[PDB]
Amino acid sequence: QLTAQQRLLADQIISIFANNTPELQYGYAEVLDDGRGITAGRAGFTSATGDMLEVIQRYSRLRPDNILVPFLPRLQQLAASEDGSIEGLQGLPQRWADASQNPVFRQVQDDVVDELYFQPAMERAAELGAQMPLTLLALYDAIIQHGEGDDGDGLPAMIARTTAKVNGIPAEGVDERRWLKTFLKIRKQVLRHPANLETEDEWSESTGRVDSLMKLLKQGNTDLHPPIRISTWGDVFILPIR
């Protein structure tokens, strides 16, 4: 689906979207007051949503005695109810940062990203018949921020509403640029007006990333060819960085 240069490009763009830097933030760990508890890692794994749990569980099967093991009971409870409480995760941010110095922990983050976000987003693209690299990037960025749940803010509902609006999918002959433009506008509307009010401030301030994908679409860079200029947060980045 994506070239090696296109995937590194996608990762550096989404990294800029989320953290204003093309360097993947494996060691990032923060409370954002968005209802999700602690948000951590290169894809923003989260205490409330179960993806932070999967990372630590998989890592603990590779390395039973790690500094993150004591949080497994609590994370288990938090994931089971989608709870945003950060008790008692005291010390978890620092331990996540330290664990991220181990390439094997970073590798687990890569595997989870691939399993939860990249491969499902590419499977969605294939079902849609989507073939422009820009559409793949837009689906991949959206799956990371919105998730693949069944809520009206999730990627699957956004795709469904895009297809309803334009009367079909690209594999059915709807021009893919039209489908993509509709998807980006629907995505910006969801970020501005989410059904989950706890993420409203967080998501509302993140709409420049949809603007950046729209800018690439309007400039005809649907194939993600270099150089790519991203300046979502004011700072200008030319990608790929070498």
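Sequential numbering from 1, following the sequence displayed.
Mean CA B-factor: is it higher for 139-147 or for 168-176? Result of the comparison: 168-176.
Mean C-alpha B-factor comparison - 150-158 and 82-90, higher one: Per the PDB record, 82-90.
Member of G27, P64, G208, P194 with the greatest C-alpha B factor (per the PDB record): Checking the PDB record, the top C-alpha B-factor among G27, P64, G208, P194 is at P64.
How does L9 rank on Cα B-factor within its chain, lowest, middle or highest third? Its C-alpha B-factor belongs to the middle third of this chain's values.
For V31, return the chain-relative third of its C-alpha B-factor as stated in the PDB record: lowest, middle or highest. Highest third - that is where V31 ends up once the chain's C-alpha B-factors are sorted.
Please rank the C-alpha B-factors of the chain's modelled residues and tell me whether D51 sits in the lowest, middle or highest third. As the PDB entry reports it, the C-alpha B-factor of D51 lands in the highest third of its chain.
For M122, does the deposited CA B-factor place it in the lowest, middle or highest third of the chain? According to the entry, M122 has a C-alpha B-factor in the chain's lowest third.
With respect to C-alpha B-factor, does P133 fall in the lowest, middle or highest third of the chain as deposited? Bottom third by C-alpha B-factor.
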